[PDB]
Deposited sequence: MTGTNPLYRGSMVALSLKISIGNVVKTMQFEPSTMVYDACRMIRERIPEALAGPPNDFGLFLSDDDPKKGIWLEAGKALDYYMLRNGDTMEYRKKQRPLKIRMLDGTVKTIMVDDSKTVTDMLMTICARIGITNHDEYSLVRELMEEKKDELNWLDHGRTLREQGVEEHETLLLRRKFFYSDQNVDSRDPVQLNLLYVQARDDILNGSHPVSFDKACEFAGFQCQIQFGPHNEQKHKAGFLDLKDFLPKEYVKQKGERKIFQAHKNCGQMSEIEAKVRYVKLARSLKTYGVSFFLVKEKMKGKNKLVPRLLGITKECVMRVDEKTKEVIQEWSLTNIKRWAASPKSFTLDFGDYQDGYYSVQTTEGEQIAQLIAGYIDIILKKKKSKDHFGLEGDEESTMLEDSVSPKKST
């Protein structure tokens, strides 16, 4: 029998495998070591850890489910993370390329910090394109709003996916003028995409008026020789609800009525016509109501704005009822329902079936948060 002179009993240090690319290396850390010091010890001991500046790297605990991989917070200690001897920590690059469709419709590639929530990520994305009201904007997956409070990774967003930048809160609108035609085009593309994808619902007549301006903008003035029956792919000029109607003649009439209107003037009229509609700036959700003495549930539209919540008939789009946001005491969402407590401003709660309760609640809470930030600055 040999006895080991190097034997040291009752040691507490964690022994961890530090992975950096193809390099692995076992290192010893005191369980109470702050994450930021562990990063510093790794930088002083493995040459490959010098591939980039410190703020570009962090410690990452992977998982078979990539969505459950986590980035360690700098101000925590290792023992918080319930690590055991033989565990692996990656010293891993935080930056990753994100394909994002911008507000004009183009797809750019930008670098995002994989450890940031979507909220902090939207700040640096908006900064990159000169947007101050970054609180009005969000990302949709290719409306599937991403969760602002969570990272992309933990929402199952993959790094090959292209995400869409889109305005979510309609709080503040600047005037529309030909002075900045780049800005004018941004206002136009967003107004148009919302009409065409149906998140701004409009009448058949209005939808055809819009298409007329859109024809003027994409083709120039109407030429009866070329812009004849069958020319238009209607799914590119009409919301889906109206494609199976024979609107090509009406679109072409409104196109003719633009005469020699310039591209810029047609964008200004398009934006203004959209802003002039009672439906502008309203986010609509489909809910099912319980009518007094009616076992069946009547589908209804719930409208959210920066000022109010409204009950709206599903077809005509008329307002049956309206409560100001200041009149709402509480709200609650579930996977099957959404509920509004109005305090003394009503007897009973307003409770409705819907799958989008969590999304309704986040829209209402976001408008409130925007309002609270404006008063705090005033």
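Not built in the structure, per the record, are deposited positions 1, 144-151, 388-411.
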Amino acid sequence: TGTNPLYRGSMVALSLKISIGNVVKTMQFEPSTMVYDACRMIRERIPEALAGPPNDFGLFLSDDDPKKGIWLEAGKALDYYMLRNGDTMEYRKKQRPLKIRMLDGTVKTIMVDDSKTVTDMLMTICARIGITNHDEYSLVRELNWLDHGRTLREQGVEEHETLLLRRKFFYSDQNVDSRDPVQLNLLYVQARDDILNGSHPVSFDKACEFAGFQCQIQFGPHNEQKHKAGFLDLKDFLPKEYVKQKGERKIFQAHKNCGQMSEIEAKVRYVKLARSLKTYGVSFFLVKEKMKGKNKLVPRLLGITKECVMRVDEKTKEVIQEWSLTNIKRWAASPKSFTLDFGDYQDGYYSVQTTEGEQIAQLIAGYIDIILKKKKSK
From here on, numbers count along this sequence of modelled residues.
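When the C-alpha B-factors of 360-368 and 6-14 are averaged, 6-14 comes out higher. Taking the mean C-alpha B-factor of each stretch as recorded, 133-141 and 288-296 are not equal, and the higher mean is that of 288-296. The entry assigns its greatest Cα B factor, within the set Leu232, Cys208, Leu72, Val268, to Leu232. When the Cα B-factors of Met102, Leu152, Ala191, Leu122 are read from the PDB record, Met102 comes out highest. When all modelled residues of the chain are sorted by CA temperature factor, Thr326 is found within the middle third. Among the modelled residues of its chain, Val282 has a C-alpha B-factor that falls in the lowest third, as given in the PDB entry.
Ranked by C-alpha B-factor against the other modelled residues of its chain, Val157 falls in the highest third. The PDB entry assigns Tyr81 a C-alpha temperature factor belonging to the lowest third of its chain's modelled residues. The deposited CA B-factor of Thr117 belongs to the lowest third of values across its chain.
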